[PDB]
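Remarks on the structure that follows.
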Amino acid sequence: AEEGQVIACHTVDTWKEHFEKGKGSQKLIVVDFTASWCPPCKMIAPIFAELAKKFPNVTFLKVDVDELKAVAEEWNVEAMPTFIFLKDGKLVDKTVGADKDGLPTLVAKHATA
């Protein structure tokens, strides 16, 4: 039994998790940038978990934007809500839209490569 793990995130403690997994460890790492006000990302949080059980190569994490906008904005987040792609060779990709089939397609391309 081998799977990705969606972990919720709040402070400078995600700076430890995001960065040190990505640039440190041989893996893809994937992170949603969402306000806690967002019913479209409320459906997506289960979507991101079912996809996680599908995809072992790839850590999963999710930031409250109201908490950590300085950094969200740096990665590239002018808009709700933005999935980032950070691998063992810096920022690979960026895509912003809650969509059920979208995310599984996106990771499939990325995690194959």
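Neighbour counts run over all protein chains shown; Cβ positions are idealised from the backbone, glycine included. No lab work stands behind these numbers, since they all come straight from the coordinates.
Isolated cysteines of the chain, defined as having no other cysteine beta carbon under 4.7 Å away, are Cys9.
For the listed residue pairs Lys42/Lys87; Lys23/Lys62; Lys16/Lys54; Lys21/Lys94; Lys69/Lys109; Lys16/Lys109, the alpha carbons are over 21 angstrom apart in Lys42/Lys87; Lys16/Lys54; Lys69/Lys109; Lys16/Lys109. Ignoring the sites themselves, the chain has its longest run without GluC sites (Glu not before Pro) in a DSSP loop having at most 10 other Cβ atoms within 10 Å at 3-77. Among beta bridges identified by DSSP and lying wholly in the chain, the antiparallel ones come to about 50 percent. Computed 3J(HN,Hα) for the stretch 58-66, one whole-Hz value per residue from the Karplus formula 6.51 cos²θ - 1.76 cosθ + 1.60 where θ = phi - 60°, is 9, 5, 9, 8, 7, 9, 5, 3, 3, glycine and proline marked x. Residue exposure proxy: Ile7, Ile44, ordered by other Cβ atoms within 10 angstrom of their Cβ from fewest to most, comes out as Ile7, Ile44. For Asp64, the residues 5 or more places off, or on other chains, whose built amide H falls under 5 Å of its own are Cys9.
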